[PDB]
>>> print(open('run_17.cif').read())   # mmCIF, C-alpha atoms
data_target
loop_
_atom_site.group_PDB
_atom_site.id
_atom_site.type_symbol
_atom_site.label_atom_id
_atom_site.label_comp_id
_atom_site.auth_asym_id
_atom_site.auth_seq_id
_atom_site.Cartn_x
_atom_site.Cartn_y
_atom_site.Cartn_z
ATOM 1 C CA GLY A 347 0.000 0.000 0.000
ATOM 2 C CA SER A 348 0.852 3.720 0.080
ATOM 3 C CA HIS A 349 3.515 5.277 2.320
ATOM 4 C CA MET A 350 1.439 8.503 2.504
ATOM 5 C CA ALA A 351 -1.225 9.475 5.008
ATOM 6 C CA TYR A 352 -4.725 10.084 3.631
ATOM 7 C CA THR A 353 -7.716 11.833 5.171
ATOM 8 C CA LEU A 354 -11.439 12.019 4.580
ATOM 9 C CA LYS A 355 -12.771 15.558 4.934
ATOM 10 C CA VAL A 356 -16.544 15.578 5.470
ATOM 11 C CA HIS A 357 -18.787 18.597 5.233
ATOM 12 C CA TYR A 358 -21.866 18.095 7.349
ATOM 13 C CA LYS A 359 -23.468 21.093 9.181
ATOM 14 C CA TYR A 360 -19.866 21.341 10.478
ATOM 15 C CA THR A 361 -16.686 19.986 8.910
ATOM 16 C CA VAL A 362 -14.588 17.093 10.240
ATOM 17 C CA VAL A 363 -11.369 15.437 9.181
ATOM 18 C CA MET A 364 -10.327 11.842 9.885
ATOM 19 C CA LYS A 365 -7.525 9.538 8.927
ATOM 20 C CA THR A 366 -8.394 7.020 6.255
ATOM 21 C CA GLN A 367 -6.923 4.204 4.209
ATOM 22 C CA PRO A 368 -6.934 5.105 0.450
ATOM 23 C CA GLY A 369 -9.479 3.072 -1.575
ATOM 24 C CA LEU A 370 -11.763 1.868 1.281
ATOM 25 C CA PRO A 371 -15.146 0.415 0.227
ATOM 26 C CA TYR A 372 -18.349 2.443 0.621
ATOM 27 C CA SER A 373 -19.630 0.275 3.487
ATOM 28 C CA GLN A 374 -16.570 1.185 5.600
ATOM 29 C CA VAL A 375 -16.468 4.846 4.539
ATOM 30 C CA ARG A 376 -20.157 5.291 5.432
ATOM 31 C CA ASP A 377 -19.655 3.517 8.764
ATOM 32 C CA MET A 378 -16.689 5.666 9.819
ATOM 33 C CA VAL A 379 -18.538 8.894 8.881
ATOM 34 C CA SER A 380 -21.663 7.735 10.732
ATOM 35 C CA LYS A 381 -19.582 7.029 13.885
ATOM 36 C CA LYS A 382 -17.643 10.279 13.648
ATOM 37 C CA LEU A 383 -20.832 12.379 13.237
ATOM 38 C CA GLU A 384 -22.856 10.273 15.727
ATOM 39 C CA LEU A 385 -25.484 9.659 13.061
ATOM 40 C CA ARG A 386 -27.514 6.511 12.408
ATOM 41 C CA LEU A 387 -26.055 4.700 9.415
ATOM 42 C CA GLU A 388 -29.343 4.923 7.519
ATOM 43 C CA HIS A 389 -29.327 8.717 8.057
ATOM 44 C CA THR A 390 -25.764 9.085 6.668
ATOM 45 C CA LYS A 391 -26.217 10.251 3.059
ATOM 46 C CA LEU A 392 -22.948 11.133 1.386
ATOM 47 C CA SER A 393 -22.055 12.736 -1.923
ATOM 48 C CA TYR A 394 -18.877 13.639 -3.850
ATOM 49 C CA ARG A 395 -17.851 15.943 -6.738
ATOM 50 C CA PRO A 396 -16.894 14.043 -9.936
ATOM 51 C CA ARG A 397 -14.021 15.058 -12.272
ATOM 52 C CA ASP A 398 -14.652 18.645 -13.561
ATOM 53 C CA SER A 399 -18.250 19.000 -12.220
ATOM 54 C CA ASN A 400 -19.852 21.797 -10.155
ATOM 55 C CA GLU A 401 -22.553 19.281 -9.187
ATOM 56 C CA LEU A 402 -22.332 16.600 -6.548
ATOM 57 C CA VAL A 403 -23.282 12.974 -7.197
ATOM 58 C CA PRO A 404 -24.414 10.362 -4.595
ATOM 59 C CA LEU A 405 -21.707 8.175 -3.041
ATOM 60 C CA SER A 406 -22.509 4.460 -3.247
ATOM 61 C CA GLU A 407 -20.935 1.002 -3.568
ATOM 62 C CA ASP A 408 -20.949 1.595 -7.334
ATOM 63 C CA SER A 409 -19.507 5.121 -7.380
ATOM 64 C CA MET A 410 -16.930 4.633 -4.578
ATOM 65 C CA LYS A 411 -14.008 3.916 -6.938
ATOM 66 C CA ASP A 412 -14.748 7.050 -8.968
ATOM 67 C CA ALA A 413 -14.845 9.103 -5.758
ATOM 68 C CA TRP A 414 -11.350 7.862 -4.756
ATOM 69 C CA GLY A 415 -10.141 9.072 -8.150
ATOM 70 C CA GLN A 416 -10.973 12.622 -6.926
ATOM 71 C CA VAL A 417 -8.525 12.651 -4.025
ATOM 72 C CA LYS A 418 -6.579 15.914 -3.901
ATOM 73 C CA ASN A 419 -3.411 16.405 -1.831
ATOM 74 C CA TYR A 420 -4.039 13.137 -0.026
ATOM 75 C CA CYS A 421 -7.571 14.102 0.909
ATOM 76 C CA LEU A 422 -11.015 12.923 -0.265
ATOM 77 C CA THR A 423 -13.716 15.540 0.413
ATOM 78 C CA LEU A 424 -17.314 14.328 0.931
ATOM 79 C CA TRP A 425 -20.575 16.079 1.765
ATOM 80 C CA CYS A 426 -23.041 14.687 4.267
ATOM 81 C CA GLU A 427 -26.668 15.676 3.720
ATOM 82 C CA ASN A 428 -28.233 17.965 6.358
ATOM 83 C CA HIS B 235 9.336 36.655 31.175
ATOM 84 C CA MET B 236 8.473 32.992 30.809
ATOM 85 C CA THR B 237 4.787 32.661 30.090
ATOM 86 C CA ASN B 238 3.621 30.368 27.279
ATOM 87 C CA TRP B 239 0.633 31.787 25.427
ATOM 88 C CA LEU B 240 -2.075 30.069 23.414
ATOM 89 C CA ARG B 241 -3.670 32.518 20.955
ATOM 90 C CA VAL B 242 -7.375 31.824 20.466
ATOM 91 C CA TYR B 243 -9.915 33.189 17.990
ATOM 92 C CA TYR B 244 -13.308 33.721 19.571
ATOM 93 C CA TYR B 245 -16.162 33.944 17.077
ATOM 94 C CA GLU B 246 -19.314 36.042 17.174
ATOM 95 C CA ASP B 247 -21.027 34.957 13.957
ATOM 96 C CA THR B 248 -18.215 34.829 11.274
ATOM 97 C CA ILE B 249 -15.799 37.395 12.739
ATOM 98 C CA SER B 250 -13.425 36.528 15.596
ATOM 99 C CA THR B 251 -11.641 38.504 18.261
ATOM 100 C CA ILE B 252 -8.251 37.515 19.643
ATOM 101 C CA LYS B 253 -7.392 36.570 23.225
ATOM 102 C CA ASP B 254 -3.988 35.317 24.418
ATOM 103 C CA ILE B 255 -4.243 32.781 27.235
ATOM 104 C CA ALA B 256 -1.490 31.900 29.726
ATOM 105 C CA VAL B 257 -0.679 28.204 29.717
ATOM 106 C CA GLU B 258 1.802 26.496 32.076
ATOM 107 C CA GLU B 259 2.343 23.483 29.809
ATOM 108 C CA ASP B 260 5.232 23.062 27.399
ATOM 109 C CA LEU B 261 5.027 24.789 23.984
ATOM 110 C CA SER B 262 5.904 21.434 22.402
ATOM 111 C CA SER B 263 2.993 19.550 23.942
ATOM 112 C CA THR B 264 -0.332 18.039 22.856
ATOM 113 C CA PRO B 265 -3.300 18.789 25.085
ATOM 114 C CA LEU B 266 -6.301 16.558 25.625
ATOM 115 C CA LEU B 267 -9.575 17.863 24.220
ATOM 116 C CA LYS B 268 -11.177 17.889 27.670
ATOM 117 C CA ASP B 269 -8.378 20.167 28.945
ATOM 118 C CA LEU B 270 -8.887 22.638 26.091
ATOM 119 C CA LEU B 271 -12.605 22.692 26.904
ATOM 120 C CA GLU B 272 -11.820 23.473 30.568
ATOM 121 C CA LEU B 273 -9.426 26.227 29.478
ATOM 122 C CA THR B 274 -12.134 27.738 27.262
ATOM 123 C CA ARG B 275 -14.702 27.592 30.103
ATOM 124 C CA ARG B 276 -12.320 29.340 32.509
ATOM 125 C CA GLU B 277 -11.530 32.098 29.997
ATOM 126 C CA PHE B 278 -14.852 32.707 28.191
ATOM 127 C CA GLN B 279 -17.174 31.296 30.886
ATOM 128 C CA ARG B 280 -19.212 29.149 28.480
ATOM 129 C CA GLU B 281 -19.555 25.468 27.665
ATOM 130 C CA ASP B 282 -22.005 25.828 24.686
ATOM 131 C CA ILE B 283 -19.101 26.027 22.283
ATOM 132 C CA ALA B 284 -17.168 23.982 19.777
ATOM 133 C CA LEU B 285 -13.414 24.016 19.346
ATOM 134 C CA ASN B 286 -11.828 24.104 15.879
ATOM 135 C CA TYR B 287 -8.699 24.728 13.849
ATOM 136 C CA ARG B 288 -8.169 26.030 10.339
ATOM 137 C CA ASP B 289 -6.537 23.492 7.987
ATOM 138 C CA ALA B 290 -4.021 24.055 5.175
ATOM 139 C CA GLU B 291 -6.810 24.520 2.616
ATOM 140 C CA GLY B 292 -8.374 27.316 4.705
ATOM 141 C CA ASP B 293 -11.355 25.248 5.990
ATOM 142 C CA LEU B 294 -12.370 25.374 9.627
ATOM 143 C CA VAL B 295 -12.466 21.902 11.143
ATOM 144 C CA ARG B 296 -14.320 20.981 14.311
ATOM 145 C CA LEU B 297 -12.323 19.042 16.904
ATOM 146 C CA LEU B 298 -14.238 16.032 18.299
ATOM 147 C CA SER B 299 -11.638 13.872 19.980
ATOM 148 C CA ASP B 300 -8.091 13.722 21.321
ATOM 149 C CA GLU B 301 -6.949 12.337 17.964
ATOM 150 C CA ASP B 302 -8.339 15.403 16.121
ATOM 151 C CA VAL B 303 -6.393 17.642 18.504
ATOM 152 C CA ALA B 304 -3.192 15.684 17.730
ATOM 153 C CA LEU B 305 -3.784 16.202 14.014
ATOM 154 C CA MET B 306 -4.191 19.926 14.618
ATOM 155 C CA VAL B 307 -0.892 20.087 16.499
ATOM 156 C CA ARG B 308 0.866 17.968 13.891
ATOM 157 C CA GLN B 309 -0.297 20.197 11.005
ATOM 158 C CA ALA B 310 0.707 23.345 12.927
ATOM 159 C CA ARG B 311 2.500 25.797 10.611
ATOM 160 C CA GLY B 312 3.809 28.113 13.374
ATOM 161 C CA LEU B 313 7.411 29.312 13.313
ATOM 162 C CA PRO B 314 8.892 29.784 16.823
ATOM 163 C CA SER B 315 9.252 33.540 17.401
ATOM 164 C CA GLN B 316 10.469 35.135 20.657
ATOM 165 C CA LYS B 317 6.776 35.620 21.619
ATOM 166 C CA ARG B 318 6.430 32.124 23.250
ATOM 167 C CA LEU B 319 3.222 31.405 21.276
ATOM 168 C CA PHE B 320 1.874 27.920 20.667
ATOM 169 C CA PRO B 321 2.397 27.135 16.954
ATOM 170 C CA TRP B 322 -1.328 26.193 16.496
ATOM 171 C CA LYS B 323 -4.207 28.528 17.229
ATOM 172 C CA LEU B 324 -7.580 27.555 18.693
ATOM 173 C CA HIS B 325 -10.845 28.633 17.078
ATOM 174 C CA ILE B 326 -13.851 28.832 19.441
ATOM 175 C CA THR B 327 -17.427 28.948 18.092
ATOM 176 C CA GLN B 328 -20.985 28.787 19.347
ATOM 177 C CA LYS B 329 -21.863 25.138 18.906
ATOM 178 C CA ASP B 330 -24.819 25.930 16.583
ATOM 179 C CA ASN B 331 -22.918 28.523 14.521
ATOM 180 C CA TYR B 332 -22.578 26.595 11.254
ATOM 181 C CA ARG B 333 -21.907 29.717 9.148
ATOM 182 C CA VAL B 334 -18.141 29.500 9.866
ATOM 183 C CA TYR B 335 -17.699 26.139 8.099
ATOM 184 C CA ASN B 336 -16.912 25.917 4.333
ATOM 185 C CA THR B 337 -19.524 23.252 3.661
ATOM 186 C CA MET B 338 -20.970 24.668 0.434
ATOM 187 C CA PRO B 339 -20.173 22.601 -2.680
#
>>> encode(input="run_17.cif", output="structure tokens")
Amino acid sequence: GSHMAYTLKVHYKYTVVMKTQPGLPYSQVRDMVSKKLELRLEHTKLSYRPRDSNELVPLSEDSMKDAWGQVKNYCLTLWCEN
Amino acid sequence: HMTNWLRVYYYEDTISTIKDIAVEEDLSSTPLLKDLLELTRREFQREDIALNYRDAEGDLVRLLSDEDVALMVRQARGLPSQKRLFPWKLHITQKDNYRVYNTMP
């Protein structure tokens, strides 16, 4: 794996930053955001910005790999609805 | 004169004022979150607050645990001047003041 340190930055009502492993599956990314924000899993609705878009797109099992392709300076930024 | 000083930014809506706070502990050291909360209560006399730091991108980040605090100290971009200032600065906000966070896509 990578010798660098990665983070997830999550914009909820407030912003948080947590250490992450690069390339984690959606199940684990959702779970760690849910725990960090003390939100019920089912109420943890995440989105990301795709390559060259102004618009966000829902994060899911299917779109997770694309999301990781948008890491910038060792950081993946997500938005958490609400 | 041998006082160590933590500079803190205290927010009313999106503008902060500055207060320098005497701290006995070593300039090199990493505080626990609970100790920063007790420091903020002694100095501002409120507990309805959140503590934060500003990251390298310019986004304010809320501290939620001891590990977040350690990240803040680790990222700290302060050069040691003769002022005996902690190299990281603490940002204090009303806990429901969400206007200070760069959450807009």
>>> closest_residue(input="run_17.cif", among="B:253, B:312, B:259, B:235", to="residue 326 (chain B)", atoms="only C-alpha atoms")
B:253
>>> resolve_selection(input="run_17.cif", expression="the PyMOL selection byres ((chain A) within 10 of (chain B))", output="list in words")
residues 355, 356, 357, 358, 359, 360, 361, 362, 363, 364, 365, 382, 383, 394, 395, 400, 401, 402, 419, 424, 425 and 426 of chain A
>>> atom_distance(input="run_17.cif", atom1="CA of residue 246 (chain B)", atom2="CA of residue 275 (chain B)")
16.1 Å
>>> resolve_selection(input="run_17.cif", expression="the PyMOL selection byres ((chain B and resi 265) around 12)", output="PyMOL selection string")
chain B and resi 240+257-264+266-273+299-308+320+322+324
>>> atom_distance(input="run_17.cif", atom1="CA of residue 396 (chain A)", atom2="CA of residue 288 (chain B)")
25.1 Å
>>> resolve_selection(input="run_17.cif", expression="the PyMOL selection byres ((chain A and resi 353) around 9)", output="ChimeraX atom specification")
/A:351-352,354-355,363-368,420-423
>>> atom_distance(input="run_17.cif", atom1="CA of residue 349 (chain A)", atom2="CA of residue 409 (chain A)")
25.0 Å
>>> closest_residue(input="run_17.cif", among="A:386, A:376, A:397, A:391", to="residue 412 (chain A)", atoms="all atoms listed in the file")
A:397
>>> closest_residue(input="run_17.cif", among="B:325, B:256, B:279, B:287", to="residue 310 (chain B)", atoms="all atoms listed in the file")
B:287
>>> build_atoms(input="run_17.cif", residues="region 387-417 of chain A", atoms="N, CA and C atoms", output="PDB file, in the frame of the given file")
ATOM      1  N   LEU A 387     -26.497   5.122  10.735  1.00  0.00           N
ATOM      2  CA  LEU A 387     -26.055   4.700   9.415  1.00  0.00           C
ATOM      3  C   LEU A 387     -27.022   5.069   8.275  1.00  0.00           C
ATOM      4  N   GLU A 388     -28.279   4.729   8.498  1.00  0.00           N
ATOM      5  CA  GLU A 388     -29.343   4.923   7.519  1.00  0.00           C
ATOM      6  C   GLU A 388     -29.565   6.397   7.245  1.00  0.00           C
ATOM      7  N   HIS A 389     -29.222   7.256   8.210  1.00  0.00           N
ATOM      8  CA  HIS A 389     -29.327   8.717   8.057  1.00  0.00           C
ATOM      9  C   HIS A 389     -28.019   9.415   7.582  1.00  0.00           C
ATOM     10  N   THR A 390     -27.064   8.607   7.121  1.00  0.00           N
ATOM     11  CA  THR A 390     -25.764   9.085   6.668  1.00  0.00           C
ATOM     12  C   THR A 390     -25.722   9.014   5.145  1.00  0.00           C
ATOM     13  N   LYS A 391     -26.032  10.145   4.503  1.00  0.00           N
ATOM     14  CA  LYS A 391     -26.217  10.251   3.059  1.00  0.00           C
ATOM     15  C   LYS A 391     -25.100  11.127   2.494  1.00  0.00           C
ATOM     16  N   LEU A 392     -24.168  10.489   1.819  1.00  0.00           N
ATOM     17  CA  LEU A 392     -22.948  11.133   1.386  1.00  0.00           C
ATOM     18  C   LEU A 392     -22.975  11.362  -0.106  1.00  0.00           C
ATOM     19  N   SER A 393     -22.270  12.405  -0.528  1.00  0.00           N
ATOM     20  CA  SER A 393     -22.055  12.736  -1.923  1.00  0.00           C
ATOM     21  C   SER A 393     -20.612  13.193  -2.157  1.00  0.00           C
ATOM     22  N   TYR A 394     -20.196  13.166  -3.426  1.00  0.00           N
ATOM     23  CA  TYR A 394     -18.877  13.639  -3.850  1.00  0.00           C
ATOM     24  C   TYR A 394     -18.985  14.470  -5.148  1.00  0.00           C
ATOM     25  N   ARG A 395     -17.936  15.229  -5.466  1.00  0.00           N
ATOM     26  CA  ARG A 395     -17.851  15.943  -6.738  1.00  0.00           C
ATOM     27  C   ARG A 395     -17.021  15.159  -7.764  1.00  0.00           C
ATOM     28  N   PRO A 396     -17.637  14.738  -8.870  1.00  0.00           N
ATOM     29  CA  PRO A 396     -16.894  14.043  -9.936  1.00  0.00           C
ATOM     30  C   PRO A 396     -15.906  14.957 -10.684  1.00  0.00           C
ATOM     31  N   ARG A 397     -14.989  14.341 -11.437  1.00  0.00           N
ATOM     32  CA  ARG A 397     -14.021  15.058 -12.272  1.00  0.00           C
ATOM     33  C   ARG A 397     -14.668  16.182 -13.094  1.00  0.00           C
ATOM     34  N   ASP A 398     -14.279  17.433 -12.788  1.00  0.00           N
ATOM     35  CA  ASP A 398     -14.652  18.645 -13.561  1.00  0.00           C
ATOM     36  C   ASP A 398     -16.142  19.048 -13.495  1.00  0.00           C
ATOM     37  N   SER A 399     -16.827  18.667 -12.413  1.00  0.00           N
ATOM     38  CA  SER A 399     -18.250  19.000 -12.220  1.00  0.00           C
ATOM     39  C   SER A 399     -18.392  20.075 -11.151  1.00  0.00           C
ATOM     40  N   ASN A 400     -19.431  20.906 -11.259  1.00  0.00           N
ATOM     41  CA  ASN A 400     -19.852  21.797 -10.155  1.00  0.00           C
ATOM     42  C   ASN A 400     -20.869  21.071  -9.252  1.00  0.00           C
ATOM     43  N   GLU A 401     -21.475  20.027  -9.819  1.00  0.00           N
ATOM     44  CA  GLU A 401     -22.553  19.281  -9.187  1.00  0.00           C
ATOM     45  C   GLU A 401     -22.017  18.102  -8.430  1.00  0.00           C
ATOM     46  N   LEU A 402     -22.589  17.840  -7.261  1.00  0.00           N
ATOM     47  CA  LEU A 402     -22.332  16.600  -6.548  1.00  0.00           C
ATOM     48  C   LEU A 402     -23.155  15.439  -7.096  1.00  0.00           C
ATOM     49  N   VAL A 403     -22.693  14.236  -6.771  1.00  0.00           N
ATOM     50  CA  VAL A 403     -23.282  12.974  -7.197  1.00  0.00           C
ATOM     51  C   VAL A 403     -23.348  12.059  -5.943  1.00  0.00           C
ATOM     52  N   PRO A 404     -24.366  11.217  -5.787  1.00  0.00           N
ATOM     53  CA  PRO A 404     -24.414  10.362  -4.595  1.00  0.00           C
ATOM     54  C   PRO A 404     -23.234   9.383  -4.523  1.00  0.00           C
ATOM     55  N   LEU A 405     -22.708   9.196  -3.319  1.00  0.00           N
ATOM     56  CA  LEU A 405     -21.707   8.175  -3.041  1.00  0.00           C
ATOM     57  C   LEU A 405     -22.467   6.865  -2.846  1.00  0.00           C
ATOM     58  N   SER A 406     -21.920   5.793  -3.392  1.00  0.00           N
ATOM     59  CA  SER A 406     -22.509   4.460  -3.247  1.00  0.00           C
ATOM     60  C   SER A 406     -21.442   3.384  -3.430  1.00  0.00           C
ATOM     61  N   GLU A 407     -21.830   2.118  -3.251  1.00  0.00           N
ATOM     62  CA  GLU A 407     -20.935   1.002  -3.568  1.00  0.00           C
ATOM     63  C   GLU A 407     -20.393   1.140  -4.991  1.00  0.00           C
ATOM     64  N   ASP A 408     -21.271   1.535  -5.911  1.00  0.00           N
ATOM     65  CA  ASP A 408     -20.949   1.595  -7.334  1.00  0.00           C
ATOM     66  C   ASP A 408     -20.072   2.772  -7.707  1.00  0.00           C
ATOM     67  N   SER A 409     -20.262   3.919  -7.044  1.00  0.00           N
ATOM     68  CA  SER A 409     -19.507   5.121  -7.380  1.00  0.00           C
ATOM     69  C   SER A 409     -18.261   5.337  -6.501  1.00  0.00           C
ATOM     70  N   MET A 410     -18.022   4.450  -5.537  1.00  0.00           N
ATOM     71  CA  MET A 410     -16.930   4.633  -4.578  1.00  0.00           C
ATOM     72  C   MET A 410     -15.561   4.764  -5.262  1.00  0.00           C
ATOM     73  N   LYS A 411     -15.277   3.886  -6.213  1.00  0.00           N
ATOM     74  CA  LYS A 411     -14.008   3.916  -6.938  1.00  0.00           C
ATOM     75  C   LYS A 411     -13.784   5.241  -7.678  1.00  0.00           C
ATOM     76  N   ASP A 412     -14.826   5.763  -8.297  1.00  0.00           N
ATOM     77  CA  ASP A 412     -14.748   7.050  -8.968  1.00  0.00           C
ATOM     78  C   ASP A 412     -14.418   8.175  -7.981  1.00  0.00           C
ATOM     79  N   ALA A 413     -15.089   8.154  -6.835  1.00  0.00           N
ATOM     80  CA  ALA A 413     -14.845   9.103  -5.758  1.00  0.00           C
ATOM     81  C   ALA A 413     -13.359   9.136  -5.340  1.00  0.00           C
ATOM     82  N   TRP A 414     -12.744   7.959  -5.179  1.00  0.00           N
ATOM     83  CA  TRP A 414     -11.350   7.862  -4.756  1.00  0.00           C
ATOM     84  C   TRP A 414     -10.431   8.445  -5.813  1.00  0.00           C
ATOM     85  N   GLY A 415     -10.852   8.399  -7.078  1.00  0.00           N
ATOM     86  CA  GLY A 415     -10.141   9.072  -8.150  1.00  0.00           C
ATOM     87  C   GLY A 415     -10.130  10.600  -8.069  1.00  0.00           C
ATOM     88  N   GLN A 416     -10.905  11.172  -7.145  1.00  0.00           N
ATOM     89  CA  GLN A 416     -10.973  12.622  -6.926  1.00  0.00           C
ATOM     90  C   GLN A 416     -10.218  13.102  -5.683  1.00  0.00           C
ATOM     91  N   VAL A 417      -9.375  12.246  -5.128  1.00  0.00           N
ATOM     92  CA  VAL A 417      -8.525  12.651  -4.025  1.00  0.00           C
ATOM     93  C   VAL A 417      -7.652  13.818  -4.494  1.00  0.00           C
TER      94      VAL A 417
END
